[PDB]
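All of this is worked out from the model, or read from it or from the source named; nothing here is a laboratory result. Cβ placement follows ideal geometry from the backbone for every residue including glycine, while neighbour counts extend to all protein chains displayed.
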Amino acid sequence: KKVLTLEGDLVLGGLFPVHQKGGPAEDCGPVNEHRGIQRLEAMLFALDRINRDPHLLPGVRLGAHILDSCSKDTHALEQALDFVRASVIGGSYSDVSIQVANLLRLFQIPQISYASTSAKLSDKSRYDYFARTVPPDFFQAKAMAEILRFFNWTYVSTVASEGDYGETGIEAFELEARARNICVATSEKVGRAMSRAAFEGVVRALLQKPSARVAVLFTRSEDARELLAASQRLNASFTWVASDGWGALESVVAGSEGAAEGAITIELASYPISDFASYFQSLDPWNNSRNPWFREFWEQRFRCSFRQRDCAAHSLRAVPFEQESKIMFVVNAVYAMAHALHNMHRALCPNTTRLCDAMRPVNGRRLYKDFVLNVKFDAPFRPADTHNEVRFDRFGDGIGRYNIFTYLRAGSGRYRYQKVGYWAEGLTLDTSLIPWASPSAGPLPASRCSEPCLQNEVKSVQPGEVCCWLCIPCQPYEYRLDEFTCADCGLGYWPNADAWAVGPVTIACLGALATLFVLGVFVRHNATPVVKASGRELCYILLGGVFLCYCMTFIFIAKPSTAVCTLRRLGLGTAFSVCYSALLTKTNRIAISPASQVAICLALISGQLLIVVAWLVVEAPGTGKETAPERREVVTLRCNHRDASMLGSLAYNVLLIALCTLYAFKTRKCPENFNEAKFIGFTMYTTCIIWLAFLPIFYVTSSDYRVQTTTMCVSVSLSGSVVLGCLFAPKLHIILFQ
Amino acid sequence: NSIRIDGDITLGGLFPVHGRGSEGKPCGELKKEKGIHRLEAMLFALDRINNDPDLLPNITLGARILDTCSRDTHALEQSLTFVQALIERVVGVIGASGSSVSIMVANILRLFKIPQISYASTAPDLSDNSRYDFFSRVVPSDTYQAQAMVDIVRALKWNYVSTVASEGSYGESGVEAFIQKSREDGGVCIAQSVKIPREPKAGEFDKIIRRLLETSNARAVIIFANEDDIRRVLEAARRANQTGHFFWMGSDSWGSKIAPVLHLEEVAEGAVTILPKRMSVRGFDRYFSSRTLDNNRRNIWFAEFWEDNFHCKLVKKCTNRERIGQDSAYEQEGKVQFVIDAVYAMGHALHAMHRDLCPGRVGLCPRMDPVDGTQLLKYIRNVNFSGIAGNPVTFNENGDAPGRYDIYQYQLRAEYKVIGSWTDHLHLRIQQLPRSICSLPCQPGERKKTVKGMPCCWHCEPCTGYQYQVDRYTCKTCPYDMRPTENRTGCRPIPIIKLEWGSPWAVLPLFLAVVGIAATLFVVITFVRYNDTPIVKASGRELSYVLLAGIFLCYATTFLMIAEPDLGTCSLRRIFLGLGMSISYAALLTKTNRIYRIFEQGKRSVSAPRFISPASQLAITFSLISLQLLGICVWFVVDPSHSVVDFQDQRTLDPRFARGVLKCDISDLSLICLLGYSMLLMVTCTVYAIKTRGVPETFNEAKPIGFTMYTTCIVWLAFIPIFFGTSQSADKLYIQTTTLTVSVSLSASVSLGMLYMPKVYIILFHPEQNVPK
Ligand SMILES: N[C@@H](CCP(=O)(O)O)C(=O)O
């Protein structure tokens, strides 16, 4: 009926729960001392201070139409509409703040809540012009997730009440959690309207998944009570944290002081206005009659009656005064609106010290987007030691301050809340104040499983425990694929997608030089008996075997193709098909004239090796990188005829003369130039042995392509040279020394 | 201000009596064709409801009417008087009009639990029941009419179109619904979409047309805008001389309304627009036509109705007696059925409520004064009845009437004729007018490339090179067998070139080789006739035999080098490319060596060189021949004879001139290696000729042999530079072949010129000289 009408140049309407619900009996119940009247009086104290403020709106006296919500939606609109008719700060409970916004926006009238938090009033597609002096409990997600990060704590069970605010906080928490790589072990909502066993069931469900032995709660305290009672009854072993829906609330921790130790709560930090507490404590509305609902307040606050003027004898100040911290939002809402108006006037009435006609109409968005959210200062009457940067984000979220505190063991007294730290936009905490984490207390109970193993080891794929997957190595040829395996690369060792070769080069070159230095001795002496008595064409085919060993050595190291590996294998015949075989006729003539005997031998040499040539030039397998799933960094192989028994045909070609003819060793007894006759008998035998000594490399070195290439290259050059000298010794003795 | 009609219960009503307007009057001209036409009809229906013994029995239904103007901020402010009566009491409203008018009001009345019904705005937005929990239309939304427009464009087989809409939820979401449904169908691309401001500038419309005309593959335009917006565009069309350039179309925003088309009748010929399925109301048409304009009580604008419909005061004051039906002042109102329907529908819902809420009463029941509109809403959705003119009244729970509407054609001679109808499917029959379709179809070989990703559009790109078509969008390379059809429908044989033995160049060796054989035989016959005469025996009769056979083959080989390709040709060619060169040298080596050995042997011993006897010497010649035969056999083994067709050599830029070649596949490796061995015998012969420089004239053939080699080795060696130098020519098929034929035939000629021809002359013509020299 009454609206505390205040006079002014600009009138701000508003809406407070002066009365409780009268349910179906009356529309209005008794007055709300703490929710209604104290908040209104604080509003008025602030409004009078604003009108008397030398810097804030000096040209605009603020009048008012403050409505009685009667704690009902019906009244909120029957009365909110009066401010439209008349041409807003209000909203305590939320059904009211929402519906009022639905009407005010239609007339381009902005609304700031002073107490209503609800996250639904974030939806600007339905509620565009509004601001919330208090951020909804959704925000606590941010702090909650940060507390878990502080603790290195991460993998965790979580709970809401049956609250839609509970859903809101849980969804919000999931978002903030995922952003920080924090995993839900498991979670649920919790009815008020369920048996104690159901509350125990919730606690058991936590305790039934002990991958971490810790949890977090969104709630309202009636639930937090029975949850904490169930925790205590079950002797539940965990640590846990709650939303300020159970912040502090000594009342919850009374049945279960012991279980209550393992926990922290947020509260929105309290910064009571002592100036207003003073004004209210000394307030005496009997005389200061402006607020019409005080007569009821007096009668019930002090037990008296004004019917007989009995309350008149009991000054209101007689009853001790206390206030909710909430008073600061009542005040911030009026100052924030006044400031928005102030800035609006600086923008629309820039050169005038009194309200301008520009502000007679309702301005919509001009207030809302440009001045209402763009508020930034320290709140008046706030304790001097701190700051709240009153501001709103683009959705009207009033930016705020929050105490983070734990319930301490008191072996010498009652258990007490203790500030550990605070939240603001981020978290600060002193660990020494935590009973389960301060270093002397030991570590937090399991709150972890496994690391971001996403590398040379990658996660397992353990069913269920995804956020707890084991760490497992890949295999030494692969590259990163998923969080849990690796793709096979190209060929090479773990790709992430000839040291002694100088040996054979040196010996081959030296072999060739020595070979020809000696040939020139034999050739210079072609007209000398040392050559006339020799199978000179064969002497030369034999000597040439070392020169060929040299040539073959370089072929042996040619980039692999069938063009060269066939020759390579044949070359292991060739070297002695000539280096041993000339002994055949030397031996024969000492042991169809000699000229023909030589031609016959030459034909035999070529014939037998050519049989083998025919056998190898027809082999299909060639060169490549077959390599091995082992080693992997093996590059460019010679033809894949490893340990091929066809090689025995080369050994044969040599033994065909070298072992199979040694009856002729008797030649050493022949009375013709004994220096040579003795050596032919000696060297045929010795040579067979020397060559056989080199031979085993055919299988011995097959395990390593660089080693066997290097080895055969040296052995071929060396074997040939060692052997030639076996008989050249007496030939050169005579030529060079006689 | 407003009309206040007494009754026992009251129903609100809302209509654009004014349009929008200026800042001082947001309410300019009277829109009589949405407003007062329909208002009287509502009031008519209101009286009929009150006069209906079976509807709201014993209850007078009163009313409250307001003028929307059109700028909907006027609606609400007003709604506030209406609202104070709601919270003299009003039960509900007929609210309707355009978008901004309906959507603002749906958000105020629902907050007091007051139901609202629309005879008008079809916009999608109002089907959000979380925002319009108290609301229904009485018509199908733009979700249907947009689909219908898409179906009609697809029935026109058009693909490419321009749209225009003015501001406000109706236009802006409506055309956006058409755009999205068109895109979902995929059979259409939007050339463009043009917004009209609520307050456009004059001349913008000419600019709009010029923009509409840029997309010249469109000949049609779609409209959701209001009446006036359309005249500004079609008036511009007259100025722009676009009359009959275009098809034009409308959602419900315009149609049977005559003020759109009048004075611009040729503009938008055949234009197709939609109206919600509508019938006239004869009882009203009659009443309206016959009503005296000063006998209409409780209608504050009816005096204005006279003034605007009769173009004079009710100065030119004219007699009030004239019926509106007697002048141009009168016609049938296009939507009157809906406004009458909507008010009855609420009356029927109220009736259903009384039979529920107040089942034992007629006349007033106190329970309905503070009636919970939720129950009123239940009957708004639950009541189903045959409406006025027999049109069934039903709408779903989001308040859409189910889709049903009629398709009209603007016919000149001029009226909107029915083309057909739609209920999620078209039933149209056809007037002949332009087409709106994007890219035009493409020729054979014109492989389409899509214009961007735009489904209805392409570039008709002609296929190229050796490619032939495989899809409307795709062409692919024809294999080596063929060069494309010019139409690129497929592919056609590469013409294959053969080496012609009669070509201008092939004819030279073709006949020289024959002459060579004839000359060789002249010599052979003489030698045979004189086989037992010393003049023949002295040079080695058998050695002569082999040399002459060699010469014969040299020429036979060259003749055959230009022989028609076959496998028989390849095998014989390869064996003889070798033999036709090597036999001659093998024979020369044997004989030349015999001379050299005798010459040097005589310096040390009288004994003839051992094995110089023909018994061994002939074998030497044949052994050298066999060594080559074995090498040739290897060449056949590693890479065997084949008659093949070369496509790759002349795959030219213009495939009509692409030519393949039918050739014997003799690799240049063997073409040379088959000659290389023979060359080495030639080299050896040259060396023997050098070794023999000290040989005296007493050796009958020692000198002319040296001479044959002096020339022969050049004839041959000249082959290589030419063979390779000409290897890059398009004509190499005959150039390299004749290069080879010429040196082989010439070498044969050289041998005859020094060793046989002058000897034959003496053997045959001078018997007195037939001595062993
Ligand atoms: N303004 C209305 C015209 C039809 P009415 O006469 O109002 O029923 C409309 O846009 O649909």
query = Taking the stretch A:383-434 as the region of interest, how many residues are closer than 24 Å to residue A:255 by Cβ and not in a strand (DSSP E or B)?
reply = 8
inquiry  = Among the residues in the stretch B:251-261, are any more than 14 Å from the ligand (Cβ to nearest atom), of a type in the set (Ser, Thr, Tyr) and assigned by TED's automatic domain parsing to the domain that holds residue B:155?
reply    = no
ask   = Any residue at all in the stretch B:217-232 that is under 33 Å from the mean Cα position of the chain (by Cα), part of a loop (DSSP other than H, G, I, E, B) and more than 20 Å from residue B:273 (Cα to Cα)?
value = yes
Filter result (out of contact with any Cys (no Cβ under 9 Å at 6 or more places or on another chain) and either closer than 22 Å to residue A:559 by Cβ or in a helix (DSSP H, G or I) (or both)) within the stretch A:685-702 = A:685, A:688, A:689, A:692, A:693, A:694, A:697, A:698, A:699, A:700, A:701, A:702
Residue in the stretch B:272-286 that is more than 15 Å from the ligand (Cβ to nearest atom), more than 14 Å from chain A (Cβ to nearest Cβ) and within 24 Å of residue B:410 (Cβ to Cβ) present = yes
ask   = Does any residue in the stretch B:2-29 that is farther than 18 Å from residue B:345 by Cβ come within less than 6 Å, Cβ to Cβ, of a residue that is part of a strand (DSSP E or B) six or more places away or on a different chain, and which pairs are these?
value = B:2/B:66; B:3/B:65; B:5/B:62; B:5/B:63; B:6/B:62; B:17/B:67; B:18/B:67; B:27/B:18
message = Taking the conditions exactly as written (assigned to a helix (DSSP H, G or I) and within 27 Å of residue A:731 (Cβ to Cβ)), does residue A:606 satisfy them or not?
response = yes
query = Mind checking which residues of the stretch B:73-106 are touching a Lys or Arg at 6+ places or on another chain (Cβ under 8 Å) and either surrounded by fewer than 22 Cβ atoms within 10 Å (Cβ to Cβ) or within 14 Å of another protein chain (Cβ to nearest Cβ) (or both)?
reply = B:80, B:82, B:84, B:85, B:90, B:100, B:106
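For (1) outside the structural domain of residue B:57 (by TED's automatic domain parsing); (2) out of contact with any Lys or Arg (no Cβ under 8 Å at 6 or more places or on another chain); (3) surrounded by fewer than 18 Cβ atoms within 10 Å (Cβ to Cβ); (4) in a strand (DSSP E or B), each residue gets a yes or a no:
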| position | (1), (2), (3), (4) |
| --- | --- |
| B:367 | no, yes, yes, no |
| B:371 | no, yes, no, no |
| B:376 | no, yes, no, no |
| B:417 | yes, yes, yes, yes |
| B:420 | yes, no, yes, yes |
| B:436 | yes, no, no, no |
| B:441 | yes, yes, yes, no |
| B:470 | yes, no, yes, yes |
ask   = Does residue B:152 qualify as being buried (at least 20 other Cβ atoms within 10 Å of the Cβ), more than 14 Å from every other protein chain (Cβ to nearest Cβ) and away from the ligand (no atom under 16 Å from the Cβ)?
value = yes
task = Filter the stretch B:220-239 down to residues that are surrounded by fewer than 18 Cβ atoms within 10 Å (Cβ to Cβ) and either more than 15 Å from the ligand (Cβ to nearest atom) or over 14 Å from residue B:196 (Cβ atoms) (or both) and give me whichever is farthest from the other protein chains (Cβ to nearest Cβ).
result = B:238
inquiry  = Just checking, does the stretch A:293-316 include any residue being of a type in the set (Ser, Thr, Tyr), more than 60 Å from the chain's Cα centre (by Cα) and surrounded by fewer than 18 Cβ atoms within 10 Å (Cβ to Cβ)?
reply    = yes
request  = Just name the residue that is surrounded by the most Cβ atoms within 10 Å (Cβ to Cβ) out of those in the stretch A:171-212 that are in contact with a strand residue (DSSP E or B) (Cβ under 8 Å, 6 or more places away or on another chain) and basic (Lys, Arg).
outcome  = A:189
query = What tally of residues in the stretch B:41-58 results from selecting those that are touching a helix residue (DSSP H, G or I) at 6+ places or on another chain (Cβ under 6 Å) and closer than 16 Å to residue B:333 by Cβ?
reply = 4
Residue match in the stretch B:131-146 (condition: within 20 Å of residue B:273 (Cβ to Cβ), surrounded by 21 or more Cβ atoms within 10 Å (Cβ to Cβ) and of a type in the set (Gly, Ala, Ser)) = yes
request  = Spot the failing condition for residue B:49; the list is (1) within 14 Å of the ligand (Cβ to nearest atom); (2) buried (at least 22 other Cβ atoms within 10 Å of the Cβ), and only one is missed.
outcome  = (1)
query = Going through the stretch B:280-304 one residue at a time, which ones are touching a strand residue (DSSP E or B) at 6+ places or on another chain (Cβ under 8 Å) and aromatic (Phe, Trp, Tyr)?
reply = B:301
remark   = residue B:482 vs (1) within 30 Å of residue B:617 (Cα to Cα); (2) assigned by TED's automatic domain parsing to the domain that holds residue B:467: all pass except (1)
task = Residue by residue through the stretch B:345-393, note down the ones that are touching a strand residue (DSSP E or B) at 6+ places or on another chain (Cβ under 8 Å) and aromatic (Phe, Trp, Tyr).
result = B:385
ask   = Within the stretch B:122-144, restricting attention to residues that are under 25 Å from residue B:190 (Cα atoms) and within 12 Å of the ligand (Cβ to nearest atom), which residue is farthest from the other protein chains (Cβ to nearest Cβ)?
value = B:122
query = Which condition number does residue B:70 fail, the rest of (1) of a type in the set (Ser, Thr, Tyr); (2) within 16 Å of the ligand (Cβ to nearest atom); (3) within 14 Å of another protein chain (Cβ to nearest Cβ) being met?
reply = (3)
task = Within the stretch B:302-342, track down each residue that is away from the ligand (no atom under 16 Å from the Cβ) and of a type in the set (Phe, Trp, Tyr).
result = B:306, B:310
task = Determine whether the stretch A:184-194 contains at least one residue that is assigned to a helix (DSSP H, G or I), within 31 Å of the chain's Cα centre (by Cα) and not β-branched (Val, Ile, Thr).
result = no
request  = Hand me the list of helices (runs of 4 or more DSSP H) wholly inside the stretch A:1-113 holding 3 or more residues that are away from chain B (no Cβ under 14 Å) and surrounded by 22 or more Cβ atoms within 10 Å (Cβ to Cβ).
outcome  = A:38-51
request  = With the checklist (1) under 49 Å from the mean Cα position of the chain (by Cα); (2) within 16 Å of the ligand (Cβ to nearest atom); (3) surrounded by 18 or more Cβ atoms within 10 Å (Cβ to Cβ) in hand, flag the one item residue B:299 doesn't pass.
outcome  = (1)
